[PDB]
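One line per chain: the protein sequences are A and B, in this order.
Quick note: the numbering used here has the first sequence finishing at residue 532, numbered continuously throughout.
Quick note: the numbering used here has the second sequence finishing at residue 1532, numbered continuously throughout.
Ideal Cβ placement from N, Cα and C applies to all residues, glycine included.
Notes follow the structure.
Number of protein chains: 2
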Amino acid sequence: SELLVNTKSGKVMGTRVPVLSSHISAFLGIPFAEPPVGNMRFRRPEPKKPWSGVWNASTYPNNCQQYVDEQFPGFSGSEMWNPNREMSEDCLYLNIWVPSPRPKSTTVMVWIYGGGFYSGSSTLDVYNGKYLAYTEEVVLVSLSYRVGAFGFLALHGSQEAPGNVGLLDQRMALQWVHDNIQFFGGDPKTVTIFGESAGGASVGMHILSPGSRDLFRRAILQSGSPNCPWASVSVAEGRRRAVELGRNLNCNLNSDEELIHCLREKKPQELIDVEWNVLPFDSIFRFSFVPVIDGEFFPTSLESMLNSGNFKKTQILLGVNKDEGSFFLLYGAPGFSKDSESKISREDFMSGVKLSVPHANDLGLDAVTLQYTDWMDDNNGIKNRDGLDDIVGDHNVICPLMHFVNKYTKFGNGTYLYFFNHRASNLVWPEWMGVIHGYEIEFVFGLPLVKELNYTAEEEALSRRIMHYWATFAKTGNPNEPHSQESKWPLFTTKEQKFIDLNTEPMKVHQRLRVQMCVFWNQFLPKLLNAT
Amino acid sequence: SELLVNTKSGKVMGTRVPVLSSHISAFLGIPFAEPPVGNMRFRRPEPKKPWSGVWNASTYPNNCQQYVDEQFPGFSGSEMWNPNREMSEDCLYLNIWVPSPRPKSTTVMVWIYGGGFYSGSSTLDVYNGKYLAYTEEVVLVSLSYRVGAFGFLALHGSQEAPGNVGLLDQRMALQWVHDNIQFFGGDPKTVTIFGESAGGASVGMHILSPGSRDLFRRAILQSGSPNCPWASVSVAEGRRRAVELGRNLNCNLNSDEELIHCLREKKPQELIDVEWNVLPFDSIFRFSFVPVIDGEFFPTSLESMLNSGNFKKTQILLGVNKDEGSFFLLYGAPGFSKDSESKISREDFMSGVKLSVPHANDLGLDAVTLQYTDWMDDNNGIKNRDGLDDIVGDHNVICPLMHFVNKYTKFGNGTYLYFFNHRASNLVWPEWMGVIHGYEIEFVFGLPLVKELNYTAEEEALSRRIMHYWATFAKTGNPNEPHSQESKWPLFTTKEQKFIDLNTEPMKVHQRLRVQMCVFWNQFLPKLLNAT
Ligand SMILES: COc1cc(CNC(=O)CCCCCCCNc2c3c(nc4cc(Cl)ccc24)C[C@H]2C[C@H](C)C[C@@H]3C2)ccc1O
Ligand SMILES: COc1cc(CNC(=O)CCCCCCCNc2c3c(nc4cc(Cl)ccc24)C[C@H]2C[C@H](C)C[C@@H]3C2)ccc1O
Ligand SMILES: *[C@@H]1O[C@H](CO)[C@@H](O)[C@H](O)[C@H]1NC(C)=O
Ligand SMILES: [Cl-]
Ligand SMILES: [Cl-]
Ligand SMILES: [Cl-]
């Protein structure tokens, strides 16, 4: 009864799940699209045909086909991000957590996982929706979308492999929520989309895309924004990378039709095995198959859209972590190790700069080096390590997001900006990595509320504050409860540019997040590269 | 007897002058060249024809023809730099102070006044050599040389106005010292040349020029070096500026001989009246007529000479003042005033940057602006003022000198580097100007030893320390008296790059003088300009 819901696509039967000494309802693995298999590989998604009978929605679906990390086999800190279910191209499903008893018409939050557009799953332990749904009495949805070449192979001109189909998967799931969430006790007029990393970039891309704007109310972006250097490519570069994928698999490169037909004959893992080979440079924080600026999903360049105010005008809440860069340095740059302090020699520093900014000429690499080198002390392995960490995080995450936040605030209806700088007491990664890319998510999803997970009492309190900010924002457009006597998170404005730290300490308001470095990344360096 | 000296050019009668509580011998206004007047204007100097009878050397000579500063009429802070004797093209004379009784063969120090190559006089109060000669028992010489167009009009190819004749004036005075100083009790084998501003540049130029190297033993350079951006021009630019001077004065421009013939008919003040109009830019710290890189005084470019070690290898002592820039900003940049704290608006900051780096393109100016702007606080008028002050000092004096010091020390025989950062207690210029271009000179010449000048006891001690460093370096190639127990001024080395502060506090040793900004000015910005 409470677990039996009739949707426009057919009936579903959910499951009663325990959560912090209570219970809520979960509907796991609801299909929202036709399986993008066989002749539908690389194609825009199609709506799921209605089914007869009762869909058993008591277990998580399959995860999409993706590269799996084996750098640290069995290590919890990496394995928590890997698919925990069987991989299949039959992967377009969503999950819903509903408070018990069912609300009449409550605020909806829709989670979009990150993972560089090449990886990610709705089913990770860290994305478990039950704590946030129960604690804040929201209807929490997690969608899925095709990643890698399956979601973002782009042969512009072709209707068979147009690009951005992973973004259209997200949209089709949002359309399903719009059509069906009322039957689960959600208000389709009060849907907040939120996501981290490529999920954060995606949230911003739906803000930008006209075809998406009317499918959600407001938006939260975590450590990602649509203008990130890794988050899109031109149609030309998307074409080049698709052809290089064919060449890597002895495909007929004569035409789009022959190349696509060849690529459709391959087992998914044959694509995944060569996926990294199509990148133009040795690089870190760069991903092969990402959204294309196509003229359809994106009418024009992102910069012209941002400048013109051509985007959904609403409220946004967004922010970054203190050490976004460290994970990518561990996995891809010389001298870093998870088992040492990773003091970086000057030689390794210069090597990391070139990997971190692979599109730069030598004059640009000199500019970056000078900006992040203390020439009184250039052989200090700690300053070299932290300098490189800052380079990666500033260029790839923080300054793109600050450029977005400043353009958006000129036209939007309310901006709230945060700086997450809490290092978790039980982190398994070494100290030098700081506050890592991805590690605010466990706080957003309420994991510190689980006593078995061994967070401190102050971390539980921080998680509860963060969940309440996010949910109050979703409900109202403001993370603050006015008439309350808690410290107030101020609006980010064009003039004062305020933001807060998120950590276990009493609130601090600051201004101009990393302004010095972001002037370099957002204004000076692009001018240097456009001149030379 | 003591005051009557027979030189190789004729007899000279000096005068007995009081110094503190004693006396010494002064030989003032001794001619070392034929008057460069009439058809000899712009020509290389020729040796002074010997005279019969006794030259009356009891009186300071005339000053060379030069622009006179009237910004602050009657103000001691500016008038102390203006000619204090009648100006005349008949101005190639030198002054000698001899200890009494006359020494056998003692250390010689030859002062070369600065003034941007457009101004300066051997006869200013602040250059009175009696205190140094008496206190340190050296023979102190001050020379003169033609400034402005009279010294540095350059029509390369012409033997009538070849350029660099002011530098040749200085050389001929050095040749005179070489030939005659033994008759005044000086050792011509132990001559130290020293100078400030254009005098410091000149000293470095005599180190570089083969025709100069055998006329002195070692060198001191104060707030100027031969590679400074204001200190020389190419033959094409000197020619351009010489033609433009003619155009300003309705001269025949058809040939070198016609132009020179025209310019030799003008009264000296007619040339001076338009001197500044030939500069290629609105600028500050740029001067119209300066040494040319001609292939004769300078065999090749200054950089290639420094790179290959094509220069005199000896000991050098050299340094800079904390606030080299402030004087030039006061005189030529918007927002500055001697009667206010001169807080600088952002608009005036950007104006000053363009005046300070006149040769830069827009990308270059953006680079300088970013390097010196605190973007957490860009509307702070104090920071804007101090930023502009650092830009001028770093670009024009400090970083060029650090480039010279690093290149020279690769081949030289001993380098001693100082940073003068004492603000005089009796300064008449306002506080914002700090430690001003030129204001270490009074300490080098022992003016704090005169009680009537109102220096503190500590400033007298500092002057005595500096005089002793300068004189002991001149005698031995090392400013320290070994076997003594004062703190030791260490050799600047390529590896450790040590320098000392010069102030009233006990001596501190530092390393890598303004290394962060001079990487910018010496390596990154010139690479940017050369690519753009
Ligand atoms: C020559 O150029 C180079 C090219 C390469 C090509 N890379 C490879 O072959 C291995 C890929 C490893 C990905 C491992 C992904 C592990 N998921 C992690 C994720 C996040 N936080 C992590 C934080 C840590 Cl601490 C460890 C793993 C993390 C936050 C997310 C956001 C993500 C982007 C993924 C994901 C979800 C490598 C080095 C180079 O130099
Ligand atoms: C917009 O810019 C422009 C501005 C103008 C108008 N200004 C001019 O023509 C020059 C006036 C300066 C002469 C003032 C000479 C006063 N001597 C001074 C000297 C020195 N220390 C000083 C320190 C102070 Cl505190 C004041 C005067 C000083 C140390 C020396 C080294 C020197 C270079 C000169 C000299 C000896 C013209 C064209 C422009 O483009
Ligand atoms: C949001 O829009 C409403 C409606 O016009 C307006 O009253 C309000 O001031 C806006 N808020 C912000 C922060 O711009
Ligand atoms: Cl639980
Ligand atoms: Cl006296
Ligand atoms: Cl050395």
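Check	Outcome
Can you list, in chain order, the residues of the region 370-384 of chain A whose Cβ is nearer than 7 Å to any Cβ on chain C?	Protein chains A and B are contained in the structure displayed, whereas chain C is not.
Excluding sequence positions up to five away, which residues of its chain have a Cβ less than 6 Å from the Cβ of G199 (chain A)?	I112, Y113 and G114
Return the residue from the list B:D1323, B:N1384, B:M1467 and B:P1479 that minimises the CA-CA distance to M1350 (chain B).	B:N1384
If you draw a straight line from the alpha carbon of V1191 (chain B) to that of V1108 (chain B), how long is it in whole angstroms?	5 Å
With distances taken Cα to Cα, identify the nearest neighbour of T472 (chain A) among A:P36, A:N95 and A:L132.	A:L132
Quick check on the DSSP output: the alpha helix (DSSP H) that includes residue 589 (chain A) runs from which residue to which?	The shown model of chain A, from 1 to 532, leaves out residue 589 (chain A), and the question about it has no answer.
On the CB-based measure, 16 or more other CB atoms within 10 Å of its CB, does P83 (chain A) come out buried or exposed?	buried
Would you mind giving the Cβ-Cβ distance between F27 (chain A) and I96 (chain A), rounded to the nearest angstrom? I have them listed as a contact below 8 Å.	4 Å
Name, going along the chain, the residues of the region 506-532 of chain A whose beta-carbon falls closer than 7 Å to a beta-carbon of chain B.	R512, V515, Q516, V519, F520, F524, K527, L528, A531 and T532
If we ignore side chains and look at the alpha-carbon of each, how far apart do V1019 (chain B) and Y1469 (chain B) end up?	21 Å
Can you tell me which of B:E1137, B:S1088 and B:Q1071 puts its alpha carbon nearest to the alpha carbon of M1467 (chain B)?	B:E1137
Are the CB atoms of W1055 (chain B) and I1030 (chain B) within a distance shorter than 9 Å?	yes
Quick check on the DSSP output: the beta strand (DSSP E) that includes residue 1539 (chain B) runs from which residue to which?	Summary: the structure shown does not reach residue 1539 (chain B), with chain B confined to residues 1001 through 1532, and so no result is reported for it.
Span of the beta strand (DSSP E) holding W1097 (chain B)?	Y1093 to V1098
Should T1494 (chain B) be counted as a contact of ligand 6 given a C-beta to heavy atom distance under 8 Å?	yes
Just to confirm, are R1171 (chain B) and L1215 (chain B) a CB contact at a threshold of 9 Å?	yes
With 16 other CB atoms within 10 Å as the buried threshold, where does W276 (chain A) fall?	exposed
Taking the alpha-carbon positions, what's the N1454 (chain B) to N1426 (chain B) distance?	7 Å
Could you please give the first and the last residue of the uninterrupted alpha helix (DSSP H) stretch that includes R218 (chain A)?	Here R218 (chain A) belongs to no alpha helix (DSSP H); instead the beta strand (DSSP E) covers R218 to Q222.
Whose Cβ in chain B lies nearer than 9 Å to the Cβ of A360 (chain A)?	In chain order: nothing, as chain B lies at least about 13 Å away.
Are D1323 (chain B) and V1428 (chain B) closer than 9 Å when you measure CB to CB?	no
Where in the region 1218-1297 of chain B do unbroken runs of the beta strand (DSSP E), each at least 3 residues long, occur, reported from the N-terminal end onward?	1218-1222
From the DSSP output, in three-state form, read off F492 (chain A) for me.	coil
To the nearest angstrom, how far is it from the Cα of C228 (chain A) to the Cα of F1194 (chain B)?	57 Å
So, helix, strand or coil for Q1065 (chain B), using DSSP?	coil
Beta-carbon of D1394 (chain B) versus every beta-carbon of chain A: anything under 9 Å?	no
Looking at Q1511 (chain B): is its Cβ nearer than 9 Å to the Cβ of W375 (chain A)?	no
Please find out if some non-hydrogen atom of ligand 3 comes closer than 8 Å to the beta-carbon of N250 (chain A).	no
Are the beta-carbon atoms of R1239 (chain B) and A1173 (chain B) separated by less than 9 Å?	no
Using CA coordinates, which residue listed in A:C251, A:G186, A:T7 and A:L528 is at the minimum distance from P101 (chain A)?	A:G186
Grab me the residues of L1140 (chain B)'s own chain with a C-beta within less than 6 Å of its C-beta, minus the 5 sequence neighbours each way, in chain order.	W1097, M1109, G1129, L1132 and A1133
On a CA-only basis, which of B:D1179, B:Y1416 and B:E1002 is nearest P1103 (chain B)? Give me that one, please.	B:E1002
Tell me which same chain residues have a C-beta within less than 8 Å of the C-beta of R1346 (chain B), skipping the five on either side of it?	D1378, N1379 and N1384
Considering only the alpha carbon of each residue, which of B:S1225, B:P1210 and B:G1148 lies closest to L1271 (chain B)?	B:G1148
I want to verify the contact list: residues of chain A whose CB lies under 7 Å from the CB of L1363 (chain B), in sequence order.	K527, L528 and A531
Short of 6 Å in beta carbon distance, which residues of its chain neighbour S212 (chain A), apart from the five on each side in sequence? Order them along the chain.	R171 and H206
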